[PDB]
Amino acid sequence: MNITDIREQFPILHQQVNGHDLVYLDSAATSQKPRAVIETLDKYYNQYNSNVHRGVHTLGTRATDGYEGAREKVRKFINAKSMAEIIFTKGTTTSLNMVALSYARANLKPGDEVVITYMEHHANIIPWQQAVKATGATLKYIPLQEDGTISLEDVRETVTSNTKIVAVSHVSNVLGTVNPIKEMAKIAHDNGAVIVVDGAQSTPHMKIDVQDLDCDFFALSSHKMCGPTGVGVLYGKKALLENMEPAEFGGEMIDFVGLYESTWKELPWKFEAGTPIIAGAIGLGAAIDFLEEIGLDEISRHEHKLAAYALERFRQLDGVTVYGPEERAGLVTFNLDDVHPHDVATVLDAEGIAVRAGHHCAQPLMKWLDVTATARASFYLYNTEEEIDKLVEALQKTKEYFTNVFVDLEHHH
């Protein structure tokens, strides 16, 4: 795995910001794309764009074969058994809302529980809050251990015979924790519940095999895994999708439409109403080909190396707190003592470094952490240890800078 040759494929990395080489450490907010994906979108619009299915003309057939070809690439990439289980959506958030509307609101009654965790992103909280309110069910939270991991004993305790859905992140976008999803799915299934996995932050960075995880649903976003914006996938086991009703209705997802009643197409098209995200899905297929050629296990190994390096170097800084466990995915969320993280991010961008500040769409977790906001640097296959050095040197300088302005200000008054 040669990071020079990989970085050469991403045109956006090669520019300056504020007079310094760009150091992009915000891939958990969104990833950058390689020429193979951008040129796949260009070839689509320059050569074979047309609407898909009912192919009667040559371009239509090429676009349809491109779109359904990318569906098979996704199926193989997450090792689903069938294309019927792969639905294209606009992103993880819409995929999780479809499960909450079509599966939860059909299957919850008073007394039933949906169980989630305090580290969930909003997209894997709010649809369940609304689904339990619609149905009179109960929402419950699995508690976290002090390092931000989940114990399977707390899972066993929280999940009961009244639990119908457990919904949990594969990897946290704030703590970097990799949750024990395969063992959580066994506990859910032992209690008669399904498990819904939010895979937005695991899919780009490590191999996913839905048959080994035995998850009932799994959701992911293209824009975090070198693919186009505006596209995602919902995987669900075929026997559950077959019994769920559509979340949206219109052309392409019907078989017969009468004045008052309609019948639906087979899977997966039952869940894809209207003209689909044709270019984006073909571009996500190209992103998967690109990542597979590098190797997801190679990419996870490089991120293990960068995360171990970063946590060591952050422990060299005084006055910095990092949240979450030592064993983790490729990201570090932190705060500097006495500097607001938005000001940390502002000053780092003046040195060319892009990180994110705020609650990262996880307000209940920030409350658990007893902070109002954090800064996060996150890594992917095109980042290097030299970029981590630049980050830790800039945080040192930021600390000294805010120390010096404070000392100066205090002496002034």
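For clarity, a rigid core is taken as the largest C-alpha set superposing within 1.5 Å between two forms. A residue's number is simply how far along the shown sequence it sits, counting from 1.
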item: Which of 365-373 and 41-49 lies farther from this form in 8 other deposited structures of this protein, as RMS of C-alpha positions after a rigid core fit; value: 41-49
item: Mean C-alpha B-factor comparison - 192-200 and 109-117, higher one; value: 109-117
item: Segment of higher mean CA temperature factor, 99-107 or 75-83; value: 99-107
item: Given 267, 155, 210, 284, the residue at which the Cα B factor reaches its maximum; value: 155
item: Residue, from 52, 353, 357, 41, that the PDB entry assigns the highest Cα B-factor; value: 357
item: CA B-factor placement of residue 370, once the chain's modelled residues are sorted into thirds; value: highest
item: Chain thirds of CA B-factor: placement of residue 187; value: highest
item: B-factor third for the C-alpha atom of residue 288 within its chain; value: lowest
item: Chain thirds of CA B-factor: placement of residue 346; value: highest
item: Residue 240 by Cα B-factor - lowest, middle or highest third of the modelled chain; value: middle
